[PDB]
Structure formats: structure tokens, C-alpha cells
Amino acid sequence: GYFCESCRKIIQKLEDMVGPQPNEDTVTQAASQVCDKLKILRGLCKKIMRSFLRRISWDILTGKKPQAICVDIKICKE
């Protein structure tokens with residue numbers, strides 16, 4: 001709840017930043033900083049990344065879409 005918007009916005013800015021076919025480090029840095037950079041929603045993102053870091057790496061590495069990521073790791077409204 002709310003989170004689906006938040007998570008979609010968070011992931012999409014990450015996806016856009018890291019670009020195509022990224023790797024485990026670049027996703028880790030680009031995401032821990034996707035959040036840092038995304039002002040207002042900074043705390044929400046940094047908490048998601050702390051709680052699900054290597055998952056958000058798999059998610060991006062598999063180029064999986066935001067709606068499906070947020071449903072999968074259970075953040076949206078399945």
C-alpha cells in the first residue's frame with residue numbers, strides 16, 4: 001500500500017541509472033545511491049535496499065519489471 005508507487009519509482013530510477021546488462025557491484029552502488037539521490041523518498045528506498053539489497057540486485061540483473069519486482073518481494077498489493 002502506497003509502496004507500489006514508491007517501489008516502482010525507486011526501481012525505475014535505478015534501472016534508468018544503472019542502464020542495460022549491469023553487474024552485482026554496479027547495481028549495489030547504483031541502488032544504495034539511487035535512494036541517496038532520490039530526495040524525499042530517500043528514507044523509503046534506503047530502508048528497502050537495507051532490507052532486500054541482494055534481492056534488488058537479482059531483480060535488476062534479471063531486468064525484471066517494477067510491477068513484477070514489487071509484487072514478487074511483496075511491497076505492492078499482490
# chains A, B, ... in the order shown; residues from 1 in each chain; ligands from 1
>>> closest_atom_pairs(of="segment 1-35 of chain A", to="segment 58-65 of chain A", cutoff="9 Å", atoms="only C-alpha atoms", output="CSV")
residue,atom,partner,partner_atom,distance
A:8,CA,A:65,CA,8.7
A:11,CA,A:60,CA,8.1
A:12,CA,A:65,CA,8.4
A:14,CA,A:60,CA,8.3
A:15,CA,A:60,CA,6.6
A:18,CA,A:60,CA,8.8
A:20,CA,A:63,CA,8.1
A:21,CA,A:61,CA,6.7
A:22,CA,A:61,CA,6.2
A:23,CA,A:61,CA,6.6
A:24,CA,A:61,CA,7.4
A:27,CA,A:60,CA,7.3
>>> select_by_dssp(residues="chain A", states="helix (DSSP H, G or I)", output="ChimeraX atom specification")
/A:3-18,24-37,42-61,66-72
>>> write_last_selection(atoms="C-alpha atoms", output="mmCIF file, in the first residue's frame")
data_model
loop_
_atom_site.group_PDB
_atom_site.id
_atom_site.type_symbol
_atom_site.label_atom_id
_atom_site.label_comp_id
_atom_site.auth_asym_id
_atom_site.auth_seq_id
_atom_site.Cartn_x
_atom_site.Cartn_y
_atom_site.Cartn_z
ATOM 1 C CA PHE A 3 4.716 1.374 -1.512
ATOM 2 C CA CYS A 4 3.785 0.058 -5.015
ATOM 3 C CA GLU A 5 4.139 3.639 -6.415
ATOM 4 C CA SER A 6 7.208 4.192 -4.262
ATOM 5 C CA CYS A 7 8.874 0.885 -5.248
ATOM 6 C CA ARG A 8 8.051 1.392 -8.967
ATOM 7 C CA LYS A 9 9.537 4.939 -8.883
ATOM 8 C CA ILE A 10 12.578 3.710 -6.869
ATOM 9 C CA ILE A 11 13.308 0.714 -9.152
ATOM 10 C CA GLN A 12 12.678 2.624 -12.400
ATOM 11 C CA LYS A 13 15.157 5.400 -11.482
ATOM 12 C CA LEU A 14 17.652 2.610 -10.558
ATOM 13 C CA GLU A 15 17.027 0.724 -13.838
ATOM 14 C CA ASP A 16 17.427 4.013 -15.796
ATOM 15 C CA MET A 17 20.640 4.848 -13.851
ATOM 16 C CA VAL A 18 22.487 1.507 -13.983
ATOM 17 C CA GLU A 24 26.217 -7.147 -8.851
ATOM 18 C CA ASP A 25 28.543 -4.305 -7.693
ATOM 19 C CA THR A 26 27.297 -1.574 -10.050
ATOM 20 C CA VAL A 27 23.689 -2.438 -9.060
ATOM 21 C CA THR A 28 24.671 -2.402 -5.321
ATOM 22 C CA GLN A 29 26.358 1.047 -5.593
ATOM 23 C CA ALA A 30 23.857 2.499 -8.122
ATOM 24 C CA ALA A 31 20.920 1.375 -5.875
ATOM 25 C CA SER A 32 22.322 2.335 -2.437
ATOM 26 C CA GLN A 33 22.885 5.710 -4.135
ATOM 27 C CA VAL A 34 19.624 5.567 -6.265
ATOM 28 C CA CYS A 35 17.979 6.060 -2.886
ATOM 29 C CA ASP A 36 20.537 8.566 -1.637
ATOM 30 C CA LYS A 37 19.909 10.663 -4.825
ATOM 31 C CA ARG A 42 15.312 8.704 0.245
ATOM 32 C CA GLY A 43 14.444 7.016 3.558
ATOM 33 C CA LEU A 44 11.934 4.583 1.973
ATOM 34 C CA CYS A 45 14.433 3.471 -0.690
ATOM 35 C CA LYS A 46 17.461 3.236 1.714
ATOM 36 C CA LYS A 47 15.272 1.028 4.016
ATOM 37 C CA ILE A 48 14.161 -1.242 1.085
ATOM 38 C CA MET A 49 17.808 -1.571 -0.040
ATOM 39 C CA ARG A 50 18.995 -2.379 3.538
ATOM 40 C CA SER A 51 16.210 -4.971 3.932
ATOM 41 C CA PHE A 52 16.433 -6.563 0.417
ATOM 42 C CA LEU A 53 19.820 -5.494 -1.087
ATOM 43 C CA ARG A 54 20.960 -8.635 -2.930
ATOM 44 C CA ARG A 55 17.290 -9.229 -3.959
ATOM 45 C CA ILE A 56 17.130 -5.753 -5.644
ATOM 46 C CA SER A 57 20.409 -6.781 -7.335
ATOM 47 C CA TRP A 58 18.862 -10.065 -8.718
ATOM 48 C CA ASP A 59 15.743 -8.091 -9.730
ATOM 49 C CA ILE A 60 17.711 -5.567 -11.838
ATOM 50 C CA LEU A 61 20.210 -8.268 -13.070
ATOM 51 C CA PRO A 66 8.965 -2.886 -11.430
ATOM 52 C CA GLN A 67 5.324 -4.035 -11.076
ATOM 53 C CA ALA A 68 6.589 -7.629 -11.019
ATOM 54 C CA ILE A 69 9.503 -6.871 -8.622
ATOM 55 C CA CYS A 70 7.267 -5.018 -6.106
ATOM 56 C CA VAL A 71 4.633 -7.796 -6.244
ATOM 57 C CA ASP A 72 7.353 -10.570 -6.035
#
>>> decode(residues="segment 19-31 of chain A", atoms="N, CA, C and O atoms", output="CSV table (one decimal), in the first residue's frame")
chain,number,residue,atom,x,y,z
A,19,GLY,N,21.5,1.3,-16.2
A,19,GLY,CA,21.4,1.1,-17.6
A,19,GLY,C,21.3,-0.4,-17.9
A,19,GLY,O,20.9,-1.2,-17.0
A,20,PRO,N,21.5,-0.9,-19.2
A,20,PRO,CA,21.4,-2.3,-19.5
A,20,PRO,C,22.5,-3.1,-18.9
A,20,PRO,O,23.5,-2.6,-18.5
A,21,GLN,N,22.2,-4.4,-19.0
A,21,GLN,CA,23.0,-5.6,-18.5
A,21,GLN,C,24.1,-5.2,-17.5
A,21,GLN,O,25.3,-5.3,-17.7
A,22,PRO,N,23.7,-4.8,-16.3
A,22,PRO,CA,24.6,-4.4,-15.2
A,22,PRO,C,25.2,-5.6,-14.5
A,22,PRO,O,24.9,-6.7,-14.8
A,23,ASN,N,25.9,-5.4,-13.4
A,23,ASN,CA,26.6,-6.4,-12.6
A,23,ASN,C,26.4,-6.1,-11.1
A,23,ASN,O,26.2,-4.9,-10.8
A,24,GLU,N,26.5,-7.1,-10.3
A,24,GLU,CA,26.2,-7.1,-8.9
A,24,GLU,C,26.8,-5.9,-8.1
A,24,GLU,O,26.0,-5.4,-7.2
A,25,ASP,N,28.0,-5.5,-8.4
A,25,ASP,CA,28.5,-4.3,-7.7
A,25,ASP,C,27.8,-3.0,-8.2
A,25,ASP,O,27.2,-2.3,-7.4
A,26,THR,N,27.8,-2.8,-9.5
A,26,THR,CA,27.3,-1.6,-10.0
A,26,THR,C,25.8,-1.4,-9.6
A,26,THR,O,25.4,-0.3,-9.3
A,27,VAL,N,25.1,-2.5,-9.6
A,27,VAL,CA,23.7,-2.4,-9.1
A,27,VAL,C,23.7,-2.1,-7.6
A,27,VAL,O,22.9,-1.2,-7.2
A,28,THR,N,24.5,-2.7,-6.7
A,28,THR,CA,24.7,-2.4,-5.3
A,28,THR,C,25.0,-0.9,-5.1
A,28,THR,O,24.3,-0.3,-4.3
A,29,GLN,N,26.0,-0.4,-5.8
A,29,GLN,CA,26.4,1.0,-5.6
A,29,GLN,C,25.3,1.9,-6.2
A,29,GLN,O,24.8,2.8,-5.5
A,30,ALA,N,24.8,1.7,-7.4
A,30,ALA,CA,23.9,2.5,-8.1
A,30,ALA,C,22.5,2.5,-7.4
A,30,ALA,O,21.9,3.6,-7.4
A,31,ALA,N,22.1,1.5,-6.7
A,31,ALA,CA,20.9,1.4,-5.9
A,31,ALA,C,21.1,2.0,-4.5
A,31,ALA,O,20.2,2.8,-4.1
